[PDB]
Structure formats: structure tokens, C-alpha cells
Protein chains: 2
Amino acid sequence: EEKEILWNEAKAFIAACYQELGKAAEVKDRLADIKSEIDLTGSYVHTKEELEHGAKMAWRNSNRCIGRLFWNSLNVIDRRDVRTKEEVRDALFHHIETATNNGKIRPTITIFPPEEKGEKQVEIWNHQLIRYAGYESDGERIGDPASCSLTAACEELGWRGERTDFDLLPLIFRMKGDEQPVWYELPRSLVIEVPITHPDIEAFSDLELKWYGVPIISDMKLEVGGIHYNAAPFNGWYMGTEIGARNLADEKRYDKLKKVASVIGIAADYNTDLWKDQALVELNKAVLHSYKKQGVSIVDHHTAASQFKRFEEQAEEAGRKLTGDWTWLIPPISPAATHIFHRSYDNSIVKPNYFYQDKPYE
Amino acid sequence: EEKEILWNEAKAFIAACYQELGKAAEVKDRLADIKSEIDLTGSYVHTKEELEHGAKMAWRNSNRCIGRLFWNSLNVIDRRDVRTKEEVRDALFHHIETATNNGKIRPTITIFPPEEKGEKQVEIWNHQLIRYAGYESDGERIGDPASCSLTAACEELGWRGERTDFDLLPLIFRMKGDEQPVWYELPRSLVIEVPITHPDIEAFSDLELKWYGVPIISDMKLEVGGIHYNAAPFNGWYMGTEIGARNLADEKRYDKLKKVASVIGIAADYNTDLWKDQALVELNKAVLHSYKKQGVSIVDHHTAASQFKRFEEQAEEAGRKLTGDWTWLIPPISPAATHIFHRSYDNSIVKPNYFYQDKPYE
Ligand code: HEM
Ligand code: HEM
Ligand SMILES: CCN(CCc1cccc(F)c1)Cc1cccc(NC(=N)c2cccs2)c1
Ligand SMILES: CCN(CCc1cccc(F)c1)Cc1cccc(NC(=N)c2cccs2)c1
Ligand SMILES: C[C@H](O)[C@H](O)[C@H]1CNc2nc(N)[nH]c(=O)c2N1
Ligand SMILES: C[C@H](O)[C@H](O)[C@H]1CNc2nc(N)[nH]c(=O)c2N1
Ligand SMILES: [Cl-]
Ligand SMILES: [Cl-]
């Protein structure tokens, strides 16, 4: 059943990919090559072209992603050659540097060897390559609660955080054949961070908020023609609401709205004053302002939705079915001010795609 | 098949209703009565208790409604006795007066005779009993575009609007046996309207915005134990976002955000300034402030979501399955600031319930 699922996914992916690449005549012979390679080895190896286009298709098919207009410009780095933990570390460090690009963020994915027997070659423990630690002691919370369990697992491995609200977690990953992951502190020269200030309200800096420049998701599986690349970190740039309306605002995250209300000079006493809404808007204005001022890429939710509308128009004109998850595509502030809120989307799963996988800790 | 659908719905409703009313022992004999009444007449007549509880259950089962905590206090007015158009008019006028209650809004439903052969006895054309007209001429828009087609149909019947942005549509409805609906101008003494002012920004009144106090939906079918009450207008009070974030804000409605930005003193030039978001928050603050100042009931979306959380807790403790439509329950501003955004809901249809029906015009 395994070779069979693999062969079926392979046939479908190659046909579609080669059709998109104008290589339809090559499908028959490539599929023959593949079928015998599966017969003899139990798997097959993608060409560089397939791997690159596969990763781009996978982004294009990500139902929850508002940023998909730019799917065809994904920078794909092929690291299927790595064998050692130093090589993995250096490839992750490199991804950070080249994706960051001095603030002008380049959407990039680095692809490591794929699972074999469902056996991982490289197992990345981080949720994102750059993220902040979280702690709970004396019922007192420090840092990012979403990082609590991974932070605890790193401290089990001999790492120790400074317990600021913004400790950078080390890279942490396990190699096939090793019982424990290794961890490596991030060089600070590689990590751009943005202090959050407000364009008009000077007191806003009293909150001492900041966030990191580049979100690099490192715990999803890329699936392409039946091959499972469980280790394939990827980044875009942030949409400002992700930081201003969720990471810094959620009660179960940094929970800053009451403090925001206070520095912007409004009472946080009555639901009918809409103080949370007002605090949310000023915090989100500050986030966009701060990234722009530092020369770090970011997009506001209005511009992002306009780009997404173009993606829809592009799909239609290319004759491709559009799929989407309305509940994730609407931004968490003023969603009815975007066109997204007012239409519906088919939430069917199309492959290639990025998928959740079980955490190796907790 | 018709008597069969009716009998099946009847059995289910009576059992459930009598169980809730502590009258389980009466179900067997009531169902016998019903079965022969259906045999002999093709239908059956609800007792006053069934009709009242049926309407309350229908509200409780409305997946899209955030205001359901208060389902058991619905005021049910039984007007199954009406036979004449004057009687219908006077019952609609009465509903407006008693629901409005001098500003302290009472959730009320008036129930007219139900369909017989699928033949309507009373056919109400209005979407709400109180709503504003809409016009399009010279490509120039006046009033509420959502009312354009009904406005055109009323003007076909000899009504003429003044073409202000807030013309009250007449009541318009058709009686069984009549080829055309009749229309009746609303007495202005019955209609509370609220001028929109802002608690801090004096210039806000320059926009000359207002809205009506009481939303009274008059075009949905109430279905209870297989009986189709196509004419059964009902009201609650407004949640402020319905007015401030949609009716007055949508581009296809009153489209006021640019004007709002202007009177609150912000530029409406750059997406990254989040001027639409900021305008939305100030407009919504003004709406809540204005209703409160006039002594007309209204609820903000934070309080409404807290009430809805109680409805969920109440369902669970009563052992009732909860159903809901996440896409409609989230408010259109700051939805991630409510608990609703962060959980999921079963969108199954349970009866009794309120349903859309085809418009008799257009
Ligand atoms: C270029 C700028 C990009 C922007 C502005 C953007 C925007 C977003 C946003 C706002 C989300 C929702 C995240 C959340 O609420 O937690 C998202 C989800 C997602 N994006 Fe994108 N994205 C971009 C690029 C990319 C790239 C390069 C990929 C992969 C190649 C990608 C794949 C995804 C996936 C898989 C999700 C869903 C994550 C999940 O289900 O948890 N995106 N995107
Ligand atoms: C008491 C105060 C109430 C509040 C604050 C409230 C709130 C709301 C809101 C905000 C909506 C969404 C409307 C839209 O976006 O167009 C809604 C939908 C709805 N409500 Fe309520 N509601 C209340 C009372 C009632 C009552 C008394 C009934 C009937 C007995 C009712 C039945 C419904 C139904 C059927 C819908 C869905 C309409 C549709 O699908 O188009 N509600 N409610
Ligand atoms: C933690 C919140 N987001 C994912 C939600 C999640 C993740 C892991 C486990 C969960 F249960 C839920 C993170 C995320 C995912 C995808 C995109 C983004 N935002 C971005 N702009 C990008 C990150 C990488 C490419 S684009 C954030
Ligand atoms: C026109 C927008 N709303 C319904 C959407 C709709 C209506 C008719 C046809 C459509 F295609 C779509 C109106 C509505 C419906 C239900 C409740 C409310 N708001 C209220 N607070 C109440 C009105 C009546 C009881 S509560 C508004
Ligand atoms: C239950 C609900 O679907 C869930 O909490 C979602 C809602 N939509 C979302 N949308 C985005 N973009 N990100 C999120 O974390 C969530 N949370
Ligand atoms: C397509 C989408 O589901 C639709 O436009 C909805 C979204 N959620 C909504 N929710 C409410 N309460 N009211 C609405 O009119 C809408 N519009
Ligand atoms: Cl994030
Ligand atoms: Cl309305």
C-alpha cells in the first residue's frame, strides 16, 4: 500500500508539474524512470526542477495563506546533500542570513533530505527558526507562553535562558541515529529585531516592545509527489496584524492591550468605549510604522488582501481552481473592510502542500 | 409525502417541546390528536404554549445569532386570528410600538397565520418593518442600496419617496386572494431614530448620520413542528457593529469611512496608516455612545460575546448540543478579541428555526 500511495501521488504530481513547466512530452519517460526507481529502491529522487516547482505549488495550494500572489518567486535552496549536524546548523544560519537580506526579506525555503521509511533524516524541534522563549514560575509568566513547552525541553538539554521577555531560543534539532537533539545559540548578528514605536505617541516606547524581523516556519512537512520533506523551513515577511493583533495582543500571548490603552491615554474600564479595539488599531499602526522605519519588509492587511484578490484573478485566468480557508484568510482586525470577508472559498486540500506534523517533544 | 414530512416534524417537535416544558406524559395523547387532525385536515394547529415555546426554540437554534442567551425571554404575540389587511397593518404597528417600548427594547415576535397548501395567508414584502429606501439615478446613489429593488417595487405601486438618504419605506404586504400588495406609510411617532454623534469629536455631527432604533426582521419563515409561518416578524436590539461596521461602513451600503476619516482629522491616503480601521473604531464608538445617550437599547460586541459565552455554558449544563456558524458569530471588528474567534462551532441545522424564503418581488 505504501509504494502504491507513492506511485499514485508521483504520477499526479509529475503530470501536473511538467504540464505547468511546458514539459508534457517528457512525462511518460520520466514516469517510467520513476516507477522502476520505486520498484528497486522503494522511493524516488526529485530533479532540481521538480523540487523547486513542487515547493512553489505547495505554497500556492496553502489554503490559509493570504500571501500567495507571490508563489512563483519563492527562492528554493536544495540541501538534500546534508549529512552532518554542523551542515544542518550552517544551512539554517545561511537561510536566516539570505532570507533576511538586510531587511528586504526574500521568501525562501531550504529543503533537507526527506523521510525514508517514514524515518526522518533531520528532525527540527523549533516552531520557527527565530522565536522567543517562554517561562512560567510562581504563577508568574515571562516571555512568549506559546514557547513554554519547547523552552522547557531546551532547558532539559543544558540550555539556560536569561528570562527576559525576549530570549531567543537556540536552534534545536535531532539527526537520524542520535537519541537527543543538539542545540546551537543563534548568532545575534544574524537576527534583525524591530523596536516598536508609534508614529505620533512618544510614550509608546515606554512599553519596550519589540519583535523579530523574519518569521521562518520550521516545523511543517512539505509534501511533493508522495515524498515527505518533514524538514523544510520557509519564510515570507509578516503581515502586521500577526504581530499587532495576535502575538502582542492575545491574552494567552504577550497580552499587551491594557498597557497599550494606558500609554495611548484611554480608559480601559468599559466595553462600550471600545478601548480594546482602539488599542488594537494603535498597536497595529505602531508595528507597521516600526518595521517601515527600520527598513524591514512587512505588509498591512489591506494591501495583503488586495494582493490576494490579484491571486484569485490570476488563478481564474490560468484556469486553476482556487482553494482557501475563509476563517484564516480574513484578517483579525477590520475583516469586513476586505473583499475576502464578503466571498466564500473552497477549503479542499490539494497537493503539493505544507502540513502539520507531530511535535517530537511534549 | 407532504403529510408524512409534516407528521414526522410534528412528532419530533412535540416530544422535544413537551419534554422541555415538563409535560412528557401528555405527548402520547397530543400526538394522537395531531395525527387524526392531519388525517382529516391535512394540517394541525399549535396550542398557544407550543407556538410560544416553538418560537423560542427557533431563536435558540439560530446558528448565526450571537444574542441567543436571552432566547427564553422572547415575547410572543399570537396573531393567527387576523383575516384582513387592516388587522395586519394594525398588528405590525402594534409590534413596533410594544417592541420599541420607549427605547427599552423588548425582544418580540408577532406570528401571523401559517401557510396552508404552501399557500401564504399574509405575505410581507419588507425585509425589516423599519428600513430606509434606496435609489439610483444618473449613476448617483441616494439612501440604502440594499433597499433599491424593494424601493423600486413600492414606487411601482404608487408610493413615492422624498429621496433623502433616510426615507422610511412604507409597510408593504399582500393578502391571500389579492393580486397586489398594499402599502401603508409608517406613522413617524412610532419610529425611534438615533442621530449619530461622537463622545469627544464635535465635528462628527457634520456627517448628519442617523439610524433607526429597532431592527425588526420581517421576511424570514419561522418553522415549528412542520408548520410554516412565513409571516412572523421578530426583533431584538442591535449589536453596535451591525450599524457602525456594516450598514454605515460597507462600500455597497452607506460607504461612510472616508467621510469619517475626514471629520476625525486623519488622512485617508495610505493603507499602512490603518485609516479605515481607525475610522471604523471611531464610528462604532459613536454609534454606541449615541444609542446610550438617547436611551435606546444596544449592545457592544465584547459584551455580546460574553453573553454568548454564557449561552454556551448554559447549553452544556442543560445537556443540549450547541450549534453555531463561526463565520457569522465573529464580530466584524476586533474578532480575535472575542472568545468566539478562538473556538469552533457545529453548524448543523436544528428545528424549530428561522429560514430564508424567496422574495416576492425581483
Ligand atoms: C511573502 C509573504 C507572506 C505573507 C505576508 C504571508 C501571510 C500569511 C499569514 C498572515 C498567514 C496566517 C498565519 C497565522 O495566522 O498564524 C499565513 C499562513 C500560511 N502561509 Fe503564508 N505568507 C507569506 C509567505 C508564505 C510562504 C513563502 C509560504 C511557504 C512557502 C507560506 C505558507 C503559509 C502556510 C503553510 C500557512 C498556514 C500555516 C498554518 O496552517 O498554521 N506563506 N501566511
Ligand atoms: C436581543 C438582541 C439580539 C441581538 C443583539 C442579536 C444579534 C444578532 C446579530 C448581530 C446577528 C447577525 C446579523 C447580520 O450580520 O446581518 C443576528 C442574526 C440573527 N439573529 Fe439575532 N440578535 C438578537 C435577537 C434575536 C431575536 C429576538 C431573534 C429571533 C427570535 C434572532 C434571530 C436571529 C437570526 C435568525 C439571525 C440570522 C439572520 C440571517 O441569517 O440572515 N435574534 N443576531
Ligand atoms: C504560530 C502561529 N502560526 C501557525 C499556527 C500554528 C502553528 C503550529 C501549531 C499550531 F497548532 C498552530 C505561525 C505562522 C504560520 C504560517 C505563516 C506565518 N506568518 C508568516 N507571515 C510566515 C511565516 C513563514 C512564511 S510566511 C505564521
Ligand atoms: C440584512 C442583514 N441581516 C440579514 C442578512 C440577509 C438578509 C436577507 C437576505 C440576505 F441575503 C441576507 C439583517 C439581520 C438579520 C438578523 C438579525 C439582525 N440584527 C439584529 N440585531 C436583529 C434583527 C431582528 C432580531 S435581532 C439583522
Ligand atoms: C477556531 C478558529 O478557526 C481558530 O481559532 C483560528 C481562526 N482564524 C485564524 N486565522 C489566522 N490567520 N490565524 C489563527 O491563528 C486563527 N485562529
Ligand atoms: C461569505 C461570508 O460568509 C459572508 O459575506 C458573511 C461573513 N460573515 C458575516 N457575518 C455577519 N454577522 N453578517 C454578515 O453579513 C456576514 N457576511
Ligand atoms: Cl508568528
Ligand atoms: Cl440591519
Side-chain angles (χ1 to χ4, degrees), chain A residues 199-200 240-242 244-247 249-253 257 266 270-293 298-307 325-342 344-345, chain B residues 199-200 240-242 244-247 249-253 257 266 270-293 298-307 325-342 344-345:
Chain A
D200 310 298
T241 54
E242 301 181 67
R246 303 296 315 283
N247 301 345
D250 285 358
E251 299 190 349
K252 289 190 185 64
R253 303 288 302 287
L257 293 183
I266 63 175
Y270 307 92
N271 287 346
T272 52
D273 286 339
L274 311 185
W275 67 265
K276 293 188 173 178
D277 313 82
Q278 186 167 346
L280 278 160
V281 169
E282 300 301 341
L283 178 53
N284 275 279
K285 282 165 58 185
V287 164
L288 291 164
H289 166 74
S290 297
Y291 278 63
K292 208 285 176 181
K293 185 211 199 71
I298 190 159
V299 66
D300 67 275
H301 51 292
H302 300 295
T303 304
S306 290
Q307 288 166 341
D325 183 344
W326 186 99
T327 74
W328 279 59
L329 289 164
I330 56 159
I333 63 185
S334 317
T338 71
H339 77 281
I340 294 172
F341 182 89
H342 304 273
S344 69
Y345 296 92
Chain B
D200 310 298
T241 54
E242 301 181 67
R246 303 296 315 283
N247 301 345
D250 285 358
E251 299 190 349
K252 289 190 185 64
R253 303 288 302 287
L257 293 183
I266 63 175
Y270 307 92
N271 287 346
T272 52
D273 286 339
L274 311 185
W275 67 265
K276 293 188 173 178
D277 313 82
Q278 186 167 346
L280 278 160
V281 169
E282 300 301 341
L283 178 53
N284 275 279
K285 282 165 58 185
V287 164
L288 291 164
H289 166 74
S290 297
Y291 278 63
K292 208 285 176 181
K293 185 211 199 71
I298 190 159
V299 66
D300 67 275
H301 51 292
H302 300 295
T303 304
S306 290
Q307 288 166 341
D325 183 344
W326 186 99
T327 74
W328 279 59
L329 289 164
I330 56 159
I333 63 185
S334 317
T338 71
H339 77 281
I340 294 172
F341 182 89
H342 304 273
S344 69
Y345 296 92

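First the proteins, then the strands, lettered A, B, ... as listed; each starts at 1. Just so you know, these numbers use all the heavy atoms, side chains as well, and skip hydrogens, waters and symmetry mates.
Using a 4.5 Å cut-off between heavy atoms, B:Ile298 makes no contact with chain A at all. Heavy atoms closer than 4.5 Å to chain A are found nowhere in B:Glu251, neither backbone nor side chain. Residue A:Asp277 touches chain B through both its backbone and its side chain, counting heavy-atom pairs closer than 4.5 Å. If you measure heavy-atom distances from B:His301 to chain A, the contacts under 4.5 Å come from the side chain alone.
For the set B:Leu280, B:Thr303, B:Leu257, B:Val299, the count of heavy-atom pairs under 4.5 angstrom toward chain A peaks at B:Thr303. Interface check for chain A: of the options B:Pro332, B:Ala336, B:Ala249, the most heavy-atom pairs under 4.5 Å are formed by B:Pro332. The most heavy-atom pairs under 4.5 Å with chain B, out of A:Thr327, A:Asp250, A:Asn284, come from A:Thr327. Between chain A and the residues B:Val281, B:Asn271, B:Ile330, the largest count of heavy-atom pairs under 4.5 Å involves B:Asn271.
Inter-residue side-chain proximity for A:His289 and A:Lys285 is flagged as unmet; no heavy-atom pair is nearer than 4.5 Å. Residues A:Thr272 and B:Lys292 have side chains not in contact (no heavy-atom distance under 4.5 Å, counting atoms from C-beta outward).
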Check: Could you walk me through whether A:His302 and B:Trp275 pass the side chain to side chain contact (heavy atoms under 4.5 Å, CB included) check?
Finding: CA-CA 10 Å; A:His302 300 295; B:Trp275 67 265; over 6 Å; no
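Within the model, atoms NZ of A:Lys252 and NE2 of B:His342 stand 7.5 Å from one another, a figure rounded to the nearest 0.5 Å. One finds the CG atom of A:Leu288 at 5.5 Å from the CG atom of B:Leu274 (value rounded to the nearest 0.5 Å).
Classified by interplanar angle (parallel below 30°, tilted 30° to 60°, perpendicular above 60°), the ring pair B:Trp326/B:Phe341 is tilted.
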